[PDB]
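1. Below: the sequence, then the experimentally determined structure.
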Amino acid sequence: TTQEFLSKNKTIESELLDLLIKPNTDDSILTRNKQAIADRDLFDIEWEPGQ
Amino acid sequence: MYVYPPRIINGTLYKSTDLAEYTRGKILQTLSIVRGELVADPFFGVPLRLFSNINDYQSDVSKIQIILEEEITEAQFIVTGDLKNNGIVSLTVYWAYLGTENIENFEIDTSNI
């Protein structure tokens, strides 16, 4: 027999799958260079002709 | 970062991103603090000897150079002492910031405070 269901507002069963989109930053082509090095290990050099 | 001399510029504390003027501010802070000025660290600071005859006036220069080298590792320090006319002992601290390779000019110096 077919059960009848009317509009609700907030159920526990919907909150079991409310999760659907995840904005993570895991290994990918756009997340390869996660770590940048500060000026403690960089040399600032000028661009000369023949460089 | 906040460079040493606390100046309220544009209504906020002067924050500089570059490490070169921050290192210069570190040098100024080290030279402007006399050993004993700070209550937390009573040993940090340059040693000051003012009223004494000018016979052993190079040892204090060497001590200041050593203190600058130990305290600030991002720069190289060479300190020279000259004897002036009346009572002035002229110290010249030549410093270079190891991160950069050329002389780094700062635009805040040109601004009139």
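-> Done, it's in. Numbers count the residues shown, from 1 in each chain, chains lettered A, B, ... in the order given.
2. switch to C-alpha atoms for all contacts and neighbour counts from now on
-> Will do.
3. Spell out which residues of chain B are next to chain A.
-> When proximity is defined as CA under 8 Å from any CA of the partner chain, chain B approaches chain A at B:19, B:74, B:98-102.
4. At which residues are the helices of chain B located?
-> With DSSP state H as the criterion, chain B has helices at B:19-32, B:59-71, B:107-110.
5. Mean neighbour count added to these, as a markdown table?
-> Formatted as a markdown table, these follow (neighbours: other CA atoms under 10 Å in any protein chain shown):
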| stretch | mean neighbour count |
| --- | --- |
| helix B:19-32 | 17 |
| helix B:59-71 | 16 |
| helix B:107-110 | 8 |
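6. As JSON lines, the ones you listed with distance to residue B:51 would be great.
-> Putting those into JSON lines (distance: least, CA to CA, whole Å) gives the following:
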{"stretch": "helix B:19-32", "distance to residue B:51": "18"}
{"stretch": "helix B:59-71", "distance to residue B:51": "13"}
{"stretch": "helix B:107-110", "distance to residue B:51": "33"}
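7. Of the residues of chain B next to chain A, grab the buried ones for ChimeraX.
-> Buried residues within those, by 16 or more other CA atoms under 10 Å in any protein chain shown, are selected in ChimeraX with:
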select /B:19,98,99,100
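8. just the residues of chain B next to chain A now: which is nearest residue B:40?
-> Closest approach to residue B:40 among those (CA to CA): residue B:74, at 23.8 Å.
9. ok, that closest one to residue B:104 distance?
-> Using CA to CA, to the nearest Å, we find residue B:74 at a distance of 14 Å from residue B:104.
10. quick one on the thing from earlier: quick one: which of the residues of chain B next to chain A is nearest to residue B:4?
-> Proximity of these to residue B:4 (CA to CA) peaks at residue B:19, which lies at 12.2 Å.
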